[PDB]
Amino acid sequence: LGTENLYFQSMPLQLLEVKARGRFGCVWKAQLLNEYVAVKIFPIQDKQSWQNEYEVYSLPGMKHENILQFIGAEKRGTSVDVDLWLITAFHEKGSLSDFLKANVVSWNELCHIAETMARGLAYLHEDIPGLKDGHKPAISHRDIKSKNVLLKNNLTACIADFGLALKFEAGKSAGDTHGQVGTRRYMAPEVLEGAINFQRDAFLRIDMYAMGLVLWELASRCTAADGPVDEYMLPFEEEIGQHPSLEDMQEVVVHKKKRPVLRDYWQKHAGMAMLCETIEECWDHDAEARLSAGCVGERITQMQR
């Protein structure tokens, strides 16, 4: 009964269903022309995050198999009644979190998700001069988690949601983050302590800590374990549940120095053993001790052998 369309850049669009709840907007599955897309709608009060994500996607070189594909962004409506839209590709399998909740992964499936994920993060982190669109800066994501990794039909991963992302220009100090912070559960101990004056490398190391946790999520659901695979739980859920306070997290991560358990039986398999070692180095309390994104990709290659 739907002959009426919305229009985006003169093209017809129909909203289907709200599929996800962002930190900062709701995400709709929609049809634009003859393809499905995602329309992320932010209220006007979250203009800063919309603007940030738009700016990040506007940087040179921000098209890559392992970065969620940008389509466009626009302010909508009347200056009285405003919404902000950001349109990306749509991925029907959803986030790595959604998938791991419904499925176990084989070793080969895990390796593919991890390799593609680590490739996207490493690209995001890389400063690359000489692109046709300009000079790509290093970009920290600042909210790495399984819910921000989307899977394609073949389980290829891409990094999504750049509302908190921060670029670095090699002749300037790290710009203003406007008081906004990532998901508590995935926060590095230095972030939880309330440390300040973070600069580029500190921000990258914060991403790599969160990445360790995502890599644990995969490990935790992999059938290469020499024993049973438990039901999916978020990092730290076993210890502090689904809805932790900042103080809950400080206690578990900062004061007790605990991490999600890497079970010894997971490490019979040579590869899983290297995976667990890699995870441990990613989430080290010492930020300086943590692997780079490029190093993690090296390890995942080494792992596949």
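All residue numbers are counted from 1 along the displayed sequence.
Relative to one another, 196-204 and 213-221 have unequal mean CA B-factors, and 196-204 is the one with the higher figure. The deposited model assigns a higher average Cα B-factor to 76-84 than to the other stretch when 100-108 and 76-84 are compared.
Of all the options 130, 137, 227, 235, the entry's greatest CA B-factor is assigned to 227. Based on the entry's C-alpha B-factors, the most elevated value among 172, 184, 145, 125 belongs to 172. Sort the modelled residues of the chain by CA B factor and residue 268 lands in the highest third. Per the deposited record, the Cα B-factor of residue 65 falls in the lowest third when ranked against the other modelled residues of its chain. The deposited CA B-factor of residue 255 belongs to the highest third of values across its chain.
Residue-level temperature factors show residue 179 in the highest third of its chain, judged at the C-alpha atom.
Per the PDB record, residue ranking by Cα B-factor puts residue 161 in the lowest third of the chain.
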